[PDB]
Each structure stands twice: as C-alpha cells, then as structure tokens.
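Okay, structure first, notes after.
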6 protein chains.
Amino acid sequence: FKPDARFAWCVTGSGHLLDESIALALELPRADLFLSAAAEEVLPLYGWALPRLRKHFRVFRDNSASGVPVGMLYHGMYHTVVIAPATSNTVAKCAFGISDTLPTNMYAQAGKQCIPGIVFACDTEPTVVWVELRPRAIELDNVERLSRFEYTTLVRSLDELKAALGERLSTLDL
Amino acid sequence: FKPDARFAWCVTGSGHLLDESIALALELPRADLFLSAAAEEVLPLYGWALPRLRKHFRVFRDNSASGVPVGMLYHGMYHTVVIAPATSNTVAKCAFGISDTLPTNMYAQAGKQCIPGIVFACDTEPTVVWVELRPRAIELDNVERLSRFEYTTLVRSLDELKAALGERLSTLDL
Amino acid sequence: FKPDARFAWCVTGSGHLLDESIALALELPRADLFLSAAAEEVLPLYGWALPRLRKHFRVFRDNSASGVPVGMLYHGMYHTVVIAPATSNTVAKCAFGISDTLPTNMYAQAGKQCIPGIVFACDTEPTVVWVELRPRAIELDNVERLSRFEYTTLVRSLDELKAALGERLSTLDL
Amino acid sequence: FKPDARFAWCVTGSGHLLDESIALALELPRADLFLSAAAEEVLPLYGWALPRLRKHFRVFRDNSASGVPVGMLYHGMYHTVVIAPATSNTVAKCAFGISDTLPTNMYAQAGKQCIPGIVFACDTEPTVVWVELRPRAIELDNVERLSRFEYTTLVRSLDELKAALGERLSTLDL
Amino acid sequence: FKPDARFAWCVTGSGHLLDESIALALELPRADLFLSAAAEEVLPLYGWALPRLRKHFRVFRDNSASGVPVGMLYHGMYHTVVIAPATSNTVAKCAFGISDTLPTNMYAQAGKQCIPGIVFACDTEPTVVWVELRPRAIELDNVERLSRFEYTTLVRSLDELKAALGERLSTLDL
Amino acid sequence: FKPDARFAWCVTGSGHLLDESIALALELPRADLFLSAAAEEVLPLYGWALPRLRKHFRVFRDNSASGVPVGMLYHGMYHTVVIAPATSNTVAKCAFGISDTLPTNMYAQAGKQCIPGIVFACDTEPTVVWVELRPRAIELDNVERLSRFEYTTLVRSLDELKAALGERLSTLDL
C-alpha cells in the first residue's frame, strides 16, 4: 500500500458501544469513516451527528447504490477495513457475501484484494438496554461463519478490537 | 408487557391473500400495522391504500433505514410480532438474520427480546394467478429454516394463522 | 409463451465485461433490459448511459420496491431471464432466495413460473483491474449454490454465455 | 377417454371449506357430483341441500353398498376423480384401500384404471371453529401414505386444489 | 370445559363385560351414553335394552352417517370420551383414524380437540364363552397402535378402567 | 433466603475492568464486598483503597485461613455470590474445587448450598495494557470447565455481567 495508507473505518446502524468505537477510531493516526444509511440515522441519536464526525474525520456516506467510494481501495489508500460497531444485519450480509451497503461493499472488495478486515460484532452477548437483549442462534451462527473468512478478524469486545488494531499497526510498523 | 400491549402486525409486498390477512388483523382487539416499502406500493393495488389502512389502524411506514419504530418494543407495547402476508423475500431475510426493512427489523428485535413471532409464509404451495406459480427448493428450504427459530411460529395458511393468533390470545388472556 | 416473447436481459452493477455483455444482448433478435439501481449508476461510467441504452432497447428501471415490471412475466412476454453481468452481490441474493432488486425479483419470479434463467457470474476467477481481484470462498460457494437451482444455467465466461443463449434460441426455434 | 369426458367430483362429510370447494367445482366446464352418505347429511347444514346441488350438477348419491355409479368409469366418462373436501375418515379409508362408500369406491376404481385422482385433505392443519382443532399424528401419517399412491395428487389447500385442477385441464387440453 | 361438563361414554357391539361396564358408568356423577349401531343390537341381548338405558342416562344413537351428536364436544360439554366396552373392530378403526360410527367419530373429534380418551379394549386376552376365544396378532398390534395415540389411555381390564376414571375425576376435581 | 438477603460480591486481584465492576456493584440495592488478599493489594492501585470501599460497602477481608465470614451463607444472608473481576487464578481454583481464599471459599460454599454464583472471567480475550495480553489454552479450558458447574453463570464482559445481575434481580423480585 501507499506510505500514507489509512484505516477504512466503517460504521453501521448500532448505538451499542458506538461512542466507544468512535473514541477508538480517534486514537488511530489516520482513518476515514464510511457510513451505512442506517448509521447516518442512528449516529446523531448517540452524540455523533455528521457535523461532529466531519470535525475529526473525512466522512463517506452511502449515497450510491454502486458504492462509488470503494474505488479508492484499488489505489492502495486503505491498508485495512474495520467495521465497528457491526450490526447483526451487517454481520449477516458479510457472512453471506451480500454487499448492498457501503460498509458491506467495502468489506467484500477488501477481501477480494486480500486487504485485512477487522469486524466488531457488537451484538453477540446478552445485554441490557431495563430490557434484556439476547442474540439468537442465527446471530451466533453468522458470527461463526464470518470469523472463518480469509483475511478477517472477528472481535467481540472493545478490548479485543483495541488489540486487533494494535496487532495491525504493529504489522504495518505504524 | 404493559396491560394494553398490542399485536405488531407487519405487512410485506405480497397481494396473495393480502385482503384476507388484513381482515384477520381487523378482528384483533388491538393491533398496529408495520409496512415494508414494497407493501406500501403493493397494498393500494389490492384495495388497501394508506388512507384506508389509517381508518382502521395506526400505520408505521418504512421511512428509516434504522427502523426507528422498533424502539417501541423496548417499552413493552407489543406482546407479539406478526408477519402476514410474508413474501419469500422476507422469509429469506428473516431466515438468515438480515434486517434491512421494517418488518424484518421488527421480527429480529422481537426475537432478541424473546417476544413471540408468527410468520405467515403465503408463498409455499403451488398457486394460480391463468398462470401457475410453484415455490422453488430455496423457498421451501427457507421456510424450514425460519420455522426452527426460537419464539417463532411459521404458518402456511389462513386457517393456521387464525389458530396461532387464537393460541396467542388464549395465552395472554385476551 | 407468446409468439413474440422476448429475452428479459437483466443488468447489475458490474463494469466487468459489461460492454461485451451489452454487445451480446444487441445480437439477440428481441430483448428488453432490466436494471438494478447500482447498474444505473455504473453503466454510464463504462459507456452505457441510459440515453444510449434507450436507443437500442426498451429499458426498465428499478424504481419500485415491489418490482412492478415483473407482472409482464405472467402474460408470457419473456421466455427467458438473463442476468449479465451478475455481480457477486446478485449471485448471493439469488442463491439465498432474496429478491429486493429488479434483477433478483425477475430471476425469482421466472423460476416460480418455470421460466429458464441464464446467470453470468462475471466475478468467479482471478482478474486484473494494476490490481488483482480474487473471488473469496463465499463467492465460489454462492456460484455453486445457484448453479443447482432448477431452470437455471450458470455460466462463467462470455463464450459460455453466448453458447447458452444459442442453446436457448435453438430450443425456442428462433 | 371420450371427447366429452368429465370430472368425477366426490364430496365427503366435511363442512370445512365445503362452500369454497363447490365454488371451485362450479368453475369446471363439466363435472358430476358424487356424495357419501355423510356428505348428504352435512351439505344442507352449510348451504348445499340436494335441490340446490341438482340445479348445477348431475348428482350421484351413495344409495348402493356396491357403488353402482362407478360402472361409468369403465366407459371413459370420467378422466379424473376429485375428492374435495376429503374428511380424515375418507383419507384413512383411501390410504388403506378400503372402499365402502361411493367416494372411496370411485377413488379405488379410478386408480385401478390408472385414472388420476386429486384428493383435497381439508383437515391437515390447526384450524379454528372459538375452538381449536389440531390433526393428530394418525391424520398426518394417513395423508403421507395416500400421497404416495400412484396416479394421486394430494393437496392441502384451496389454492393448491385450484392449481392441480389447472394442471389437469392443461394436460387434457380443456 | 363447562362446570357441568360430563363423561361421553361410548358403547360398542360387545357383550363381553358389557354389564360391568354399564355398572361402572352408573357410578359416575354425570355421563351420557353414545351407541354404535351394533351396540344397539347387542345391548338388549345382555340386559340393556334402550328403555332401560334411558332410565339412567341420556342416550345418543348412531342415526346419522355424519355423527351429528359430536357437535356437543365443540361447546365443552364433555371433558372425557370413554369407550367401554370397545370391540376389536372399534379399536382397529380408532387405531387407523377411521371414524364411520358414532363412537369412533366421538373418539377422533375428542383427540383433535385434545380431549382425553379412555379406551377399554375388552378383547385382548384369551377368554371362555365352552369355547375359547384368543385375540389374533392383529388385535394385539391394533391395541399397541392405539395406546400410542396422544391424549389416549388404553386399559385392558375393569380394574384398570376404574382406576383411569378415578385418575380422571381426580384431575378434574370431581 | 431472608427478606433482606444481599449479594455477596467477591473481588480478586485484577485491575482489569476493576473500576467498572465496582461501579456495577454500587448500582445494586444491597451488596457486601469480599476481598482476596491480592485484591487488597491491587485495589488501591486502581482507585479503590479500603477507606473508599468502606464508605460504600460493608467490606470483609481475607484475614482467616478458614474463611470465617462464610458462616453467614448458612443463615440466608446472601442469595447470590458474584466474583467480579475474577482473575485466571481464581477461575482455575474454582474450576478445580480449590478454596484457599475468601472468594474461592465463598463460591464453593454457595454451590454446596445451591446458592447461585455469577463469575466474571475478565481475562478471556486478547487485551492491551502498549502490550498485548492473550489468554493461554489453560485459561480457556478453565473458563469452559467452570461454566459447566451447577448453579453457575460465567460471563465474559461487563454487558453480560450487567445482564446476569438483572436476570437475578428479576428472579428474586428486587
């Protein structure tokens, strides 16, 4: 990749640990943000409206069915695709090779170019919202499927994400 | 759930037995309607334009990628999610844990909260339209997959739907 | 089918061998074009803007969630559904019975009516763009799945597409 | 069969979807009605007393232990035997080769002459009457047994019946 | 069931332990009698002509092919169906889901409503009449089949019948 | 248990998510703290010296080889034992039935009385400290062993702990 290659950090429509995910992206030396349409609606509700995101990142929005921003992968601008947080919906689509959103398109094209992907499946354990949410067998099956993809690291916690980003930086010597 | 909890009755883009499905929803003491985008285009063609639906129900439309109406599940307003009629497309998405429409989002969030779902797979037998439509192996495989989900009742006829709604009311003492 | 029945030639959001695919469609005596939303954005970038397409074909665009153009299958206007080129995304959706685009809707309704489908999976071998793209295991698994569908011919090259169209014409006596 | 061969439409003692079954028989170009003794008692209770039936059909009644009307099969007057609705009792008797009623006699003699039979097992899913009726394992086992008979099509819904009649007409070119 | 729900006590054409069976029915707080046609001929020969039965019970006779008395099950009048004595013929018909008599019709409709059935198979052991009667393999196979039915208790002696009735009363709190 | 029964919240010598664990314990209506000797040395280094702990909780310290505080379990004062955070060392000792610290003694005596235990194994995923820590096979084997104990819930994240505490409160009606 280019010397100034970046992280392609994709965000999906989950408020769960959304704030902490963006905080992690901020610690990265160079990352651009890639939003699904649902992320664009959800993020403002959790403190990350587009004007705020744009103060800290270049932001690419899902305003093309084709996923026009993905052409930048072909020129070596991104050495890594991250999805954090990754909704069950996005984990599902990734696991089955569906790419009709910007984050799922970024993930599939990265894999076809053997560019590493780190996926933070944020909905894989019982959680409180009080109301208890529990992942169904399909959520667990999809996480297992996607974790078997080549060039893919699936992580299930913030700590584990932080460690995978750290491993990545270490490999790239950044 | 709350004492005045309702049925969340989702409608997808099928005209098949659509009229009879809405007739069943009308017999229910309290139900709100949740439409996919395709349902919104199809329903008028079969006698159920939005103005007519709104005379009988509160109607929620799929005008958010995030599926904003689904937050109402968290407060115990819906004791049951119904999808009737359910297109093969929606049965597929449900079966694989994809939730990028309002009905498939309602179904997945219900399941994560252990709220029962009743799914009327209306395209599972040979039918006439004359032209004969026959479900393919994938339609049959997807129906079998979804019927194995926890908290899910898959029904293949109007009679069977009516019976599942009846079982539900009996459990809730309504 | 009707005596003047046509090919329903669907196009998806791939520039790969797009030009040669349209060239093949032009050689056909009678074919209409059916576009996904992503095809509509991609085609202009490769020399096939809508005004140009409309000089040679009737063109149906994906401007309904329901897929309104598909009703024409019921009246015997199309004796064959073709998808060429077919993105990995469309092959995936076809393979799992998802139909939320015009081409995937055309393919599923055709199959339910036992109308033959020919699918040109254009992303199944290593290719150069220089950058090398390689299909992942999921792309290969999805191609294998879809090739097992009834009434379906999956082809992996232009030559093979041309031969399948030729076999079809021979059967229809055109 | 003769050029003016008909459907032999048998009716058994079920009120379930009885009205809709007779409505389907009315749409047929040429059909005669064959009643069990229990059908003769049940039909009036659901709007189809003999005087009404006789306005629309030739009606044969079960007033012989031998089943005298069945001799008409031998002369090619009936190209198809239909049982709709078919009680669990009749499905049972058919499945085990018992023929001591007019409809079960018509079905067995048809099969021995390789004349196709279409059987509408109307009691195979949970239904409401409110009271819920659920088919027992024996009802389900008997439906599975009878569906394996040569020259037999077992259908489990009105839609499916309509489609089987349609397939039949198409074969006969009617 | 209703507070004043009764036993539906069915009688078949067996003189074997017939007297003792009626004696048991008399001990029950509330039971109605349901006769097969053969019971109606046999009972007088063993001391229980209709006038005598009618002094002690409401008596329903098999004077409809449809089995008109069975509609009373739908309104919760009977909390239990009993067949005592049950001929091998009735055990056979029950075991195979045939219902062309009033007792076999009562038993099948009860089961479809999940109303418990108690069946006294009175011909399952060697007995004297002197002449020795021995049940054949088919009688034993049919008893084994019927005993596996849901909601069914098969008993092979008076003592065992008395105990099953006692268990039933205990459950109902009568 | 007594009406005013409490949580027995045990703390071990881990600074990892220690702060957040104590924050969770603070949200509980009634909980006492039980410290290992290593917790007593570690806690001050992460902001929770004994004087601070004692402002918010009754605190029991590991100042007996016998584990004298554990006698309070016998009188129904604690309805639940929690270990959070639980070091790999404590998970190991628990998994093998060793109880030579106050938290491992509390956990074993609880289990012998069928009092539920919730164990937060805080060292089960790759984490950063930068230095990466990765659990060895023995840590993973021990977590699997302990999760199979009767009356035990093993959780691997804060979210999951919060949910298990919530499930517990719901059961106890607190």
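Relative to the other copies, what are the label-point distances for E:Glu160, with labels 7 Å from Cα along the C-beta vector, expressed in nm at one decimal and sorted shortest first?
Nearest to farthest, the other copies are at 3.7, 3.8, 5.2, 5.7, 6.6 nm.
Within 14 Å, Cβ to Cβ, of E:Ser21, how many net charges do the neighbouring residues add up to if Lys/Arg are +1 and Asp/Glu are -1? Kindly include the intermediate steps, with their values, before the conclusion.
Values: positive: E:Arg156, E:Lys162; negative: E:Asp19, E:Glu20, E:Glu27, E:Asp123, E:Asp159, E:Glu160.
With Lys, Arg at +1 and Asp, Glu at -1, the net is -4.
Could you tell me how far the Cα centroid of the range E:1-47 sits from the Cα centroid of the range A:51-107, in Å?
Cα centroid of the range A:51-107 versus Cα centroid of the range E:1-47: 76 Å apart.
Once the other residues with Cβ under 15 Å from the Cβ of B:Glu132 are scored (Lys, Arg +1; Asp, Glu -1), what is the net sum? Walk me through the numbers on the way to the answer.
Numbers: positive: B:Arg134, B:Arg136, C:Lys112, D:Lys162, D:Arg168; negative: B:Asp123, B:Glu125, B:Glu139, C:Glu150, D:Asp159, D:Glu160, D:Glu167.
Summing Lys/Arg as +1 and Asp/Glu as -1 gives -2.
Reachable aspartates and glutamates from C:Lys2, Cα under 14 Å, same-chain residues fewer than 8 places away excluded?
C:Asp173
Of all the residues in chain A, which one has the C-beta that comes nearest the axis relating A to D, and what is the distance in Å?
Residue of A nearest the axis onto D, distance in Å: A:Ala137, 19.
Can you work out ³J(HN,Hα) from phi for every residue in the range A:30-35, in order, using Karplus 6.51 cos²θ - 1.76 cosθ + 1.60 and θ = phi - 60°, giving whole Hz and x for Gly and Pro?
Computed from phi, the couplings for the range A:30-35 are 8, 9, 9, 9, 10, 9 Hz.
How large is the convex hull of the C-alpha atoms of the protein assembly as shown per residue, in Å³? Numbers along the way, then the final one.
Details: hull volume 234.9 nm³, N = 1044.
Cα convex hull per residue, to the nearest whole number: 225 Å³.
For q values of 0.21, 0.23 Å⁻¹, compute log₁₀ I(q)/I(0) with the Debye formula on a Cα-only model of the range A:1-95, without solvent.
Here log10 of I(q) over I(0) equals -1.12, -1.32.
Could the peptides D:80-90, E:87-97 be put in order, highest first, of the mean number of other beta-carbon atoms found within 10 Å of their residues? Don't skip to the end; give the middle numbers.
Working: D:80-90: 28.0, E:87-97: 23.1.
Ranked by mean Cβ neighbours within 10 Å, highest first: D:80-90, E:87-97.
Label position 7 Å from Cα toward Cβ: report the copy-to-copy distances for E:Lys55 in nm, one decimal, ordered from shortest.
Spacings between copies for this position, smallest first, are 5.2, 6.7, 9.4, 10.1, 10.7 nm.
When the Cα atoms of chain D are enclosed in a convex hull and the volume is divided per residue, what value in Å³ results?
On the way: hull volume 18.6 nm³, N = 174.
Spelled out: Cα convex hull of chain D, divided by residues, is 107 Å³.
Separation between the F:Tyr74 and C:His16 pseudo-spin-labels, each 7 Å from Cα along Cα→Cβ, expressed in nm?
In this crude spin-label approximation the distance works out to 7.4 nm.
Please list, in order, the residues from the range F:130-156 whose amide nitrogen is less than 16 Å from a point placed 7 Å along the Cα→Cβ vector of F:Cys114.
Within reach of a label on F:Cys114: F:150-152.
FRET efficiency for C:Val129 and C:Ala49, Cβ-Cβ distance as r, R0 = 35 Å, nearest 0.05?
It comes out at approximately 0.95.
Antiparallel as a % of all DSSP beta bridges within the protein assembly as shown, to the nearest 5? Could you put the intermediate results ahead of the total?
Values: 12 of 136 bridges.
Given both bridge residues lie in the protein assembly as shown, the antiparallel proportion sits at roughly 10 percent.
On a straight-distance basis, which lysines could pair with D:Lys93 in a cross-link, Cα separation under 28 angstrom, same-chain partners fewer than 8 positions away excluded?
By straight Cα distance, D:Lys93 reaches D:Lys112, D:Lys162, E:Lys93, E:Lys112.
Counting DSSP beta bridges with both partners in chain C, what percentage is antiparallel, nearest 5? Kindly include the intermediate steps, with their values, before the conclusion.
On the way: 2 of 23 bridges.
Restricted to chain C, the bridges split so that about 10 percent are antiparallel.
A short reminder: the numbers here are calculations on the coordinates, not readings from a lab. Heads up, the Cβs are rebuilt from the backbone with ideal geometry, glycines too, and the neighbour counts pull from every protein chain shown.
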